[PDB]
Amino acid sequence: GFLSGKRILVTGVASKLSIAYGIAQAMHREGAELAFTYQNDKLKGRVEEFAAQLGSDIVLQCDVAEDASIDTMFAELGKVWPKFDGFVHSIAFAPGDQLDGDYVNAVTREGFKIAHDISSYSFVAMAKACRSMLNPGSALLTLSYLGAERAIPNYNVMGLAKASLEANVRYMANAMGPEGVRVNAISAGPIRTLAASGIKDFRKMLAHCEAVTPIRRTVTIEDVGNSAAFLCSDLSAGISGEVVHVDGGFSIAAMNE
């Protein structure tokens, strides 16, 4: 595959529905060697199972909330991969109470803090910790959402954390470009996953993008995987600091009845 000889670290796999899973699966198919990380003991087991199915045995614990967790994880990976070619950042969170009802009433100082910490800072924190481990031609990828560009109901504070994420992509790309590292983000459309259920009225938010999206269907984790495999391959050598929308054109249309 166009990803042979590459060693990429994939994070955020929680179930077969996880987007990171569609990404791992697609990269595996293109010949890359994968590495996985799990947040806690609750997920360890299923991640080891998935890693096995994808011919990998490197499964490390990592909570982007603590710099120590990140340093230990990368120091453990370095034992098998003195150097690798980038990682997929598919992590996000915000207390549930934040994603329900009026934005101004729901948002709090703490919720805001948590959302920005786990969903935007963790991306650079990881890059900082493995910077000297990355080979030239490496790519770093994160996953954003339209909420970053437009104001979407109930998405609330996450929207702000994502705008911050996308800005991160541009500052990271510009900072690491000379060393030969590329940084991009995929702005995926609504997908039926596990964390997608935390957003109030989601079953409807999908049926909307359904009949309004140019391609007349929502994207699948497969659609996203293919785009991430590419954005992480040497085929996208000229793309950096970009946020490409993989939503089937939903964002470039307006008032489709």
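So that there is no doubt, residue numbering starts at 1 and follows the sequence shown.
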Segment of higher mean CA temperature factor, 216-224 or 195-203:
195-203
Mean Cα B-factor check, 126-134 vs 141-149, entry values; winner is 126-134
Based on what the PDB entry reports, which of 169, 75, 157, 186 has the top C-alpha B-factor?
75
Whose CA atom has the top B-factor in the entry, of 161, 181, 80, 107?
80
Hey, what third does residue 11 fall into on Cα B-factor, ranked over its chain?
lowest
Entry-reported Cα temperature factor of residue 229, expressed as the chain third it lands in
lowest
